[PDB]
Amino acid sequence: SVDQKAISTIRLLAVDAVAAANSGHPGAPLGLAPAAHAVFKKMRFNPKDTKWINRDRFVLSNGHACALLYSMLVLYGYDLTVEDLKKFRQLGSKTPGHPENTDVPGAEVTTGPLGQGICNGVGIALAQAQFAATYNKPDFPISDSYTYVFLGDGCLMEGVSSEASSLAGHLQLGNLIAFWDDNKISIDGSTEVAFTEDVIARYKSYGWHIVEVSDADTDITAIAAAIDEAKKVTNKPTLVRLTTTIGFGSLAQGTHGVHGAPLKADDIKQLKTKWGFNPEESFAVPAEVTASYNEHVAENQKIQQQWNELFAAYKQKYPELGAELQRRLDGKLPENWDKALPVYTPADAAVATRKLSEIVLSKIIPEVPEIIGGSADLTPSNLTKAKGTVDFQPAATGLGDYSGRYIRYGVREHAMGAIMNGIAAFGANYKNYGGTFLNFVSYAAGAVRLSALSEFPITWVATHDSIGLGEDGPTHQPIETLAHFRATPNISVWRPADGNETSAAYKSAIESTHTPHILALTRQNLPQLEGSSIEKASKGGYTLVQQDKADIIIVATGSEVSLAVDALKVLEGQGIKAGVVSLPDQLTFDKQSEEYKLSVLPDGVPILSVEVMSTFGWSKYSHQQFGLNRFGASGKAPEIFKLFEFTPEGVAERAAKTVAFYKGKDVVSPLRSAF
């Protein structure tokens, strides 16, 4: 039949792509082609408009199987061709070895690191529910789309997927439909060696609905029926168990050897002949398959055409909501939204930057509807909920509503990170955030790195940033954390010193379209600085205290800027004139012009950095570094700072030693380099 021919075409495109690269993963594509065919036939999408906001979304969580995804996208006429498939896994191609949303049209998210995609799917579904609750009206189903996720055994073993699946069940996300490739094989062989749990019983315990498809190698009727069944269960996410043979059709089907290496040439020949293809031909696309797939595309395009008319009618009936929705789909924030950002003067009281963050959120959440966010069980510590907002919960619980704006993630940092990526991936200008203690952002490193690679404007509200947290001690006190994330490409790591800098950090985080943000915030109170402003802090680094005859410049961040200012006073009593630079975000600073950067970190003067964390990275900006390269301590915070000599006198001593060390030496800016 044409459906059978389509499945064979998908299988053989994937195998031929792996063969041409002599690299990649044929097994799961062979096993999942029937399901992919069935799911894409149920999905609404436009290959010519990948951003249609009411499309169904597909996520390949088992991203190594991407030859399957690329084959689907090619067959459906996305901006990806057979010539691109021939360049699978080749430098510079549109068909990289794992899917990248920045590079591959129709890849919603970046997968490959196992467990992430299913969590991203939870976030897409969460966003869809919130979006629909915000905009839909009687006779106006602006948003009614589904989220389809493929995942394998590896994703089910990764703890991040358990976190997200527990939360998705709690949140009753009935438009999420996930499909487990139950093939009983991973890299180490049979799942009997390491993965013998009753997966189905576990998913029932989370509150998911289950459909089992015992013969998913062939039974596309049952796969389609499973989707129909899942759509009837509106208050539970559904897991469809697809019992498949890895590498179905290969001589090596059902073995670990078919997971991750190209098939033998003779194996590919026998696949082709028994499915009615020419064993001498590669990359075959039967025109009847193209015709069948084009019929579905044409129907989907008529659905989108009707949606556009629905949206036009919505703007007539609901002019305010319609204009808001249009602005969001255009990727634009509200005009002058940033006038809501709080501004401080040096006469204002000292405030912890976690509390300054609460105040910012309180002012901007009512002004910017596309802001939603939550905390990983640290709401009263991170200060991430604006008073007067409701939680995102299914109304059936009585605890919130899907129109709510505040997410109770529970103690689930990694899934929070990956869910945030999915919310961003949904689109509609969502600017979403997640709170935890800075030291436990590290639990979510897998997802954070993907925020950076995927270019998603997510925000971590990362409080309790240092030894300044005090008594909880070294298991809670960051040392390496900022260095880790600053060393990752494309992460803005803001460590604001005061009220104006905290507003600048949020301005950056909310305006972002391609760069994730981490806001490192204090437990403890900090003074409002003389010389700070949103304008200057928006440059990422700026001269706080200018000293034209400086013997030294002290560059600092966060809580250490006030320390530097106090050290300047001690140094004056010692006959040493210092300037102070505040460097609230190294990435933003780096992106400024060379002339601007040199105005902050000039030639001809020694520069000392001060930050109560690792010294890694700081030589970009300084000649000498005063940091903390050992673990912390459990005690009252001021006593810890004294122990480690992060005091005005301790900074002054090191500044005086720095001046002495460069006496008689020629000093050029740390910004200079040989290449």
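Don't overthink the numbering: it's just position in the shown sequence, from 1. By rigid core we mean the largest C-alpha set that fits within 1.5 Å across both forms.
Student: After fitting on the rigid core, pick out whichever of 377 to 385 or 284 to 292 shows the bigger RMS C-alpha deviation in 7 other deposited structures of this protein.
Tutor: Greater root mean square C-alpha distance in 7 other deposited structures of this protein: 377 to 385.
Student: Test of understanding: from the entry's C-alpha B-factors, which stretch has the higher mean, 314 to 322 or 99 to 107?
Tutor: That would be 314 to 322.
Student: Test of understanding: from the entry's C-alpha B-factors, which stretch has the higher mean, 405 to 413 or 78 to 86?
Tutor: Taking the mean C-alpha B-factor of 405 to 413 and of 78 to 86, the larger value falls to 78 to 86.
Student: Based on what the PDB entry reports, which of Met43, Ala637, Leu69, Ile607 has the top C-alpha B-factor?
Tutor: Of the candidates given, the C-alpha B-factor peaks at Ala637.
Student: Just grab whichever of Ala347, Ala487, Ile467, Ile200 has the top CA B-factor as deposited.
Tutor: Of the options given, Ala347 has the highest CA B-factor in the PDB entry.
Student: Check where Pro47 lands among this chain's C-alpha B-factors and tell me if it's the lowest, middle or highest third.
Tutor: For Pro47, whose C-alpha B-factor we compare with every modelled residue in the chain, the answer is the middle third.
Student: Among the modelled residues of its chain, does the C-alpha B-factor of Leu643 lie in the lowest, middle or highest third?
Tutor: For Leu643, whose C-alpha B-factor we compare with every modelled residue in the chain, the answer is the highest third.
Student: Taking the entry's C-alpha B-factors for this chain, is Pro29 in the lowest, middle or highest third?
Tutor: CA B-factor rank for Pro29: lowest third.
Student: Which third of the chain holds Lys549 when residues are ordered by C-alpha B factor: lowest, middle or highest?
Tutor: Answer is highest: the recorded C-alpha B-factor places it there.
Student: Using the B-factor values recorded in the entry, state whether the Cα atom of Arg449 falls in the lowest, middle or highest third among the modelled residues of its chain.
Tutor: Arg449: CA B-factor falls in the lowest third of its chain.
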